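One structure is given here, and the rest of the page talks about it.
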There are 2 protein chains.
Amino acid sequence: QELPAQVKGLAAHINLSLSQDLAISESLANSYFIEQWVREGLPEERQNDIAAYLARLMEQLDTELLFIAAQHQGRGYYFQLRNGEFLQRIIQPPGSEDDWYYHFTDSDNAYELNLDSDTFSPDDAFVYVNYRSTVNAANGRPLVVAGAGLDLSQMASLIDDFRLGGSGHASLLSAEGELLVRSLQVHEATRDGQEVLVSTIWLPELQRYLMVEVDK
Amino acid sequence: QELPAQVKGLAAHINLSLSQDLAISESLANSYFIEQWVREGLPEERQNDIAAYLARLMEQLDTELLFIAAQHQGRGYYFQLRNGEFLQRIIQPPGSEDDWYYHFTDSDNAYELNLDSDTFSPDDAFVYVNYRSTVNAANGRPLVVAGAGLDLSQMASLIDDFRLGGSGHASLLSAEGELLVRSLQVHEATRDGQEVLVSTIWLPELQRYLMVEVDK
Ligand SMILES: Nc1nc2[nH]cnc2c(=O)[nH]1
Ligand SMILES: Nc1nc2[nH]cnc2c(=O)[nH]1
């Protein structure tokens, strides 16, 4: 049976791409230079530097968004490099859209992959790689929560990266059944028109399932 | 046949570990802060900072050695964090042991995994993750060549990480037959005493082959 092993290998491909992104996100969240920039009071004079730094990562990871959420004097600051623009704002109280932060920082997870609409542009939704810094602020929250906001179209192109015979559909869903993107125990099911074979597997790094259809 | 697929999966495990190391090495070689420290003339005043920075990576990658080779005014400087010590020296001409540099910088490879004896301590030999910076100096050489020096004992523990049935031996060799470490088309060969099954596969990221023996 080539199809099950092929599904496992493609899942491994997705895993290694996300793992490169995750390692870079951890190194960014625990960056000594970013922590020193935070302790210095986040001077605007060095912002350009910071931008360049994040640029060097965006070129390597090919991700649309890069974000840094810093804590200083009890205030949270959200910075984002995207499309050459370096945007900055203040993190909102838990009653607004930034409650995700209060979520991830209240969980004991070192990292989570939460899908959410962008706070600078609510129209676009991204898959955010929230990684927590080892250092904690005086209020108990992570000093830095940095990572990469992935454009879901890329998600579509890297699952469309490999196709079995050039046909079939590959889908990636969430744990509640919310579908994220579209291009072990294998089963056979009759689809509308013609029958197909389906087989699913769950990714722990993404917290999310993966299905695939194949005909002849 | 479970053994071939198991060999492929363990090779994938080795690949993903080395890939985390490689991504961190690339981000370090193309670090904007390191490049600014180089352009500033490599001030000793900031050395502590640099050290801390590299420390933050060594804690994440669990690698014995971290190295940075910088170019400034036509002179090459070799820095290494290891065991809490921040060592620094001048890169030797091609007639000495640093010729590896002139090798890797003369190849069009973005990165190479060269095994070599340490230049600060010739007794210990490491597997060096040489990654080239995108920026080039005025003399045409990479402005920064940074990465991680892996202790081969770790290499032994991550191939001993997974064992089939708790028996058998897994070996990793070079392209000339030089064995690196010890714990597709499968073949059967009679070893001294009792017969065994052997199957090998080549890793492109490591440029190196992988064998494995199994009895019953
Ligand atoms: N909306 C939103 N923006 C983010 N920026 C970083 N992480 C997130 C997240 O989870 N949601
Ligand atoms: N000896 C030695 N030291 C290194 N430091 C970084 N790369 C190397 C290498 O290839 N050889």
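At a glance:
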quantity	calculated
Enumeration of residues in the stretch B:33-49 that are at the interface with chain A (Cβ under 9 Å from one of its Cβ atoms) and crowded, with 19+ Cβ neighbours inside 10 Å	B:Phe33, B:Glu35
Index of the failed condition, B:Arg56 passing every other in (1) in contact with a helix residue (DSSP H, G or I) (Cβ under 7 Å, 6 or more places away or on another chain); (2) closer than 22 Å to B:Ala156 by Cβ; (3) assigned to a helix (DSSP H, G or I)	(2)
Some residue of the stretch B:102-117 being assigned to a strand (DSSP E or B), more than 16 Å from ligand 1 (Cβ to nearest atom) and either within 17 Å of B:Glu44 (Cα to Cα) or out of contact with any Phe, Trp or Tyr (no Cβ under 9 Å at 6 or more places or on another chain) (or both)	no
Residue check, B:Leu66 in contact with a strand residue (DSSP E or B) (Cβ under 6 Å, 6 or more places away or on another chain) and assigned to a strand (DSSP E or B)	yes
Which listed residue, of A:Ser133, A:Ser174, A:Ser183, is in the same structural domain as A:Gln71 (by TED's automatic domain parsing) and either small (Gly, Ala, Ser) or within 16 Å of ligand 2 (Cβ to nearest atom) (or both)	A:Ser133
Answer residue from the stretch A:56-84, given it is surrounded by fewer than 16 Cβ atoms within 10 Å (Cβ to Cβ) and either within 16 Å of ligand 2 (Cβ to nearest atom) or small (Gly, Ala, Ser) (or both) and is farthest from A:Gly140 (Cα to Cα) among those	A:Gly84
Yes/no for A:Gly177 being small (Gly, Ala, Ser) and under 19 Å from A:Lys8 (Cβ atoms)	no
Pairs where the first residue, in the stretch B:178-201, is farther than 28 Å from B:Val127 by Cα and the second is among the hydrophobic types (A, V, I, L, M, F, W, C), C-beta under 6 Å, 6+ apart	B:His187/B:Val198; B:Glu188/B:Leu197; B:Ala189/B:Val198; B:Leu197/B:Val214
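For neighbour counting, all protein chains shown are included, and Cβ atoms are generated from backbone atoms with ideal geometry for every residue, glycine included. What is reported rests on the model, the rules as stated and the sources as named; no laboratory instrument gave them.
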